[PDB]
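Have a look at the structure below before the remarks.
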Amino acid sequence: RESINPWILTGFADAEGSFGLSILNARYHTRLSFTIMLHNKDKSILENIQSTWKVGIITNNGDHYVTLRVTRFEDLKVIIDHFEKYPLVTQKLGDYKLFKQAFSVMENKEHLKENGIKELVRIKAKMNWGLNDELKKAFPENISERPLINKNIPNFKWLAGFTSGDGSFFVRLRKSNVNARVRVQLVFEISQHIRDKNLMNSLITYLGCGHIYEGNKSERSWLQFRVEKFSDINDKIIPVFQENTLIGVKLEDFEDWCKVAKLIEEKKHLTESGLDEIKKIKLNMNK
DNA sequence: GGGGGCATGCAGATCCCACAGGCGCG
DNA sequence: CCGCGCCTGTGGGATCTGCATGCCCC
Ligand SMILES: [Ca+2]
Ligand SMILES: [Ca+2]
């Protein structure tokens with residue numbers, strides 16, 4: 001049990017969060033929800049988040065996945081209050097804005113009159129993946145292509161939570177095809193759907209390093225932010241997350257990541273014994 | 001008396017994670 | 001040569017997202 005920084009929580013919500021508006025039947029029932037599902041290894045984050053918001057239920061989905069679900073109405077107010085003070089950054093903010101106007105419709109109790117569900121389906125048709133086939137056949141009169149959020153990084157604490165979700169620290173070992181000497185390469189990467197390309201591109205100027213790699217438009221719908229130059233990693237990337245602590249197993253991956261960075265800064269990665277530890281400081285992180 | 005809210009399942013779709021290899025450059 | 005690191009390319013599963021349903025209560 002502990003509490004995390006609010007900007008770190010918002011950043012992690014931009015990565016793994018999901019806003020849900022369920023409309024099922026003609027007695028149409030409604031269900032507003034915020035959900036996060038992770039691997040069992042990161043059950044601490046969900047309990048860390050639940051202790052911060054004092055809401056939600058943490059269940060087990062299968063033998064490997066935990067889930068945190070907030071479904072009560074009065075308990076969705078603290079979520080909306082929090083996100084109003086710490087706004088989301090990715091295109092998920094658009095789903096949150098539709099999540100909020102769906103809440104105010106259900107708060108005025110108008111969501112049960114015939115006028116209410118007609119707007120909520122109109123609201124639902126714009127968030128996440130839209131409506132189903134049946135309700136789209138039950139409301140082929142849906143009107144309303146929402147305004148696209150385009151923000152930059154608000155701060156580094158948002159990045160700590162965001163990196164704890166979609167980020168990645170890992171070690172590269174390359175056997176030189178000419179020298180047969182083991183090469184060690186540290187790299188930091190964040191992947192993301194191309195719908196937030198402007199946000200991912202703003203990481204370059206805010207961190208002072210990194211590159212954006214895309215691939216052709218026909219074969220891929222997600223890009224990568226990546227830092228491979230060791231000097232940028234040791235002097236820019238590492239101090240950022242030393243100040244803004246990551247959460248979950250990403251903190252453990254980052255700690256082992258920094259152990260390799262220091263073995264390299266001490267030039268011990270050229271030694272036979274130093275190369276042995278780095279190899280273990282690579283199997284550590286797969287487990 | 002039953003309607004709407006809550007808790008609690010289960011499952012599909014995909015956007016991630018954690019890499020690999022070729023090769024130009026200083 | 002040689003190590004660095006830009007640059008292209010990716011398998012597979014942890015994710016994001018959706019549907020269902022019996023129970024409870026007021
Ligand atoms: Ca994400
Ligand atoms: Ca993750």
Side-chain angles (χ1 to χ4, degrees), chain A residues 12-23 28 30-40 42 55-62 64-67 69-71 73 75-76 90-92 95 106 111-112 116 124 127-130 132 162-174 180 183-196 200 209-216 220-233 248-250 253 257 264 269 282 285-286:
Chain A
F12 190 85
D14 261 314
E16 322 272 50
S18 185
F19 295 91
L21 162 61
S22 186
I23 298 174
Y28 280 111
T30 85
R31 179 82 292 193
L32 217 60
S33 63
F34 174 81
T35 58
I36 301 180
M37 168 142 55
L38 311 173
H39 192 272
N40 285 350
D42 267 342
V55 301
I57 305 99
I58 295 178
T59 88
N60 279 88
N61 182 325
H64 309 327
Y65 307 135
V66 282
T67 311
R69 306 229 266 183
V70 181
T71 181
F73 194 86
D75 280 16
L76 285 178
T90 62
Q91 297 311 303
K92 188 172 301 299
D95 298 278
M106 299 172 56
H111 75 278
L112 299 170
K124 162 142 194 48
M127 59 177 291
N128 282 178
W129 297 339
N132 84 333
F162 189 72
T163 303
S164 300
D166 302 331
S168 178
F169 311 90
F170 55 102
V171 184
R172 283 265 282 159
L173 299 175
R174 296 196 61 178
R183 197 202 314 171
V184 163
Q185 164 82 334
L186 290 190
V187 47
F188 164 64
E189 190 184 278
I190 306 180
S191 60
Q192 197 77 3
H193 191 278
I194 52 98
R195 72 180 194 180
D196 284 285
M200 303 296 292
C209 61
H211 300 258
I212 294 293
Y213 302 115
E214 312 212 22
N216 284 124
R220 194 140 94 257
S221 288
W222 55 269
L223 44 78
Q224 299 158 105
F225 169 79
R226 191 188 303 168
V227 183
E228 299 183 292
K229 177 189 275 289
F230 173 82
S231 62
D232 285 327
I233 276 183
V249 298
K250 277 293 160 55
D253 292 334
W257 205 58
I264 301 165
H269 64 296
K282 196 175 174 305
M285 308 173 306
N286 304 332

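In the text below, chain A, chain B and the rest are named by the order of the sequence lines, each starting its count at 1.
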Length of the line joining A:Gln91:CD and C:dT17:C1', which is rounded to integer Å
17 Å
Among [options], which nucleotide sits nearest the side chain of [X]?
{"X": "A:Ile57", "options": "B:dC19, C:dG5, B:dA7", "value": "B:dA7"}
{"X": "A:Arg69", "options": "B:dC19, B:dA11, B:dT8", "value": "B:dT8"}
{"X": "A:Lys250", "options": "B:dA18, C:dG18, B:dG4", "value": "B:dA18"}
{"X": "A:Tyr65", "options": "C:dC4, C:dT15, C:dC16", "value": "C:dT15"}
{"X": "A:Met37", "options": "B:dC16, B:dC19, C:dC16", "value": "C:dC16"}
{"X": "A:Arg31", "options": "B:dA18, C:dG5, B:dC6", "value": "B:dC6"}
{"X": "A:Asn132", "options": "B:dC10, C:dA14, C:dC19", "value": "C:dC19"}
{"X": "A:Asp253", "options": "C:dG5, B:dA18, C:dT15", "value": "B:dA18"}
{"X": "A:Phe170", "options": "B:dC19, B:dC10, C:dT17", "value": "B:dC19"}
{"X": "A:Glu189", "options": "C:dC4, C:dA14, B:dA18", "value": "B:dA18"}

Taking only side-chain nitrogens and oxygens of [X], does any of them come within less than 4.0 Å of OP1 or OP2 of [N]?
{"X": "A:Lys92", "N": "C:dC16", "value": "no"}
{"X": "A:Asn128", "N": "C:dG18", "value": "yes"}
{"X": "A:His193", "N": "B:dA13", "value": "no"}
{"X": "A:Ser18", "N": "C:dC16", "value": "no"}
{"X": "A:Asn60", "N": "B:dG9", "value": "no"}
{"X": "A:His39", "N": "C:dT15", "value": "no"}

A:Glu228 or A:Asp14, whichever maps to the more 5' nucleotide of DNA chain B:
A:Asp14
Flag, side chain of A:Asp14 to backbone of A:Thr90, donor-acceptor distance under 3.5 Å
yes
Please tell me whether A:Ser33 and A:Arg69 have a donor and an acceptor in their side chains that are separated by less than 3.5 angstrom.
no
Could you check if a side-chain atom of A:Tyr28 sits within less than 4.5 angstrom of a side-chain atom of A:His111, using non-hydrogen atoms only?
no
Is there side-chain contact between A:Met285 and A:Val171, with at least one heavy-atom pair below 4.5 Å?
yes
Between the base of [N] and the side chain of [X], is there any donor-acceptor pair under 3.5 Å?
{"X": "A:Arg174", "N": "C:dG3", "answer": "no"}
{"X": "A:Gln192", "N": "B:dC16", "answer": "no"}
{"X": "A:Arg226", "N": "C:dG5", "answer": "no"}

Per-pair distances, 0.1 Å, donor-acceptor, side chain in residues 226-233 of chain A, under 3.5 Å, sequence neighbours excluded:
from	atom 1	to	atom 2	distance (Å)
A:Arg226	NE	A:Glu189	OE1	3.0
A:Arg226	NH2	A:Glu189	OE1	3.2
A:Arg226	NH2	A:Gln224	OE1	3.3
A:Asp232	OD1	A:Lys236	NZ	2.9

Would you give the length of the straight line joining atom OG of A:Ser164 to atom NZ of A:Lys250, rounded to the nearest 0.5 angstrom?
7.0 Å
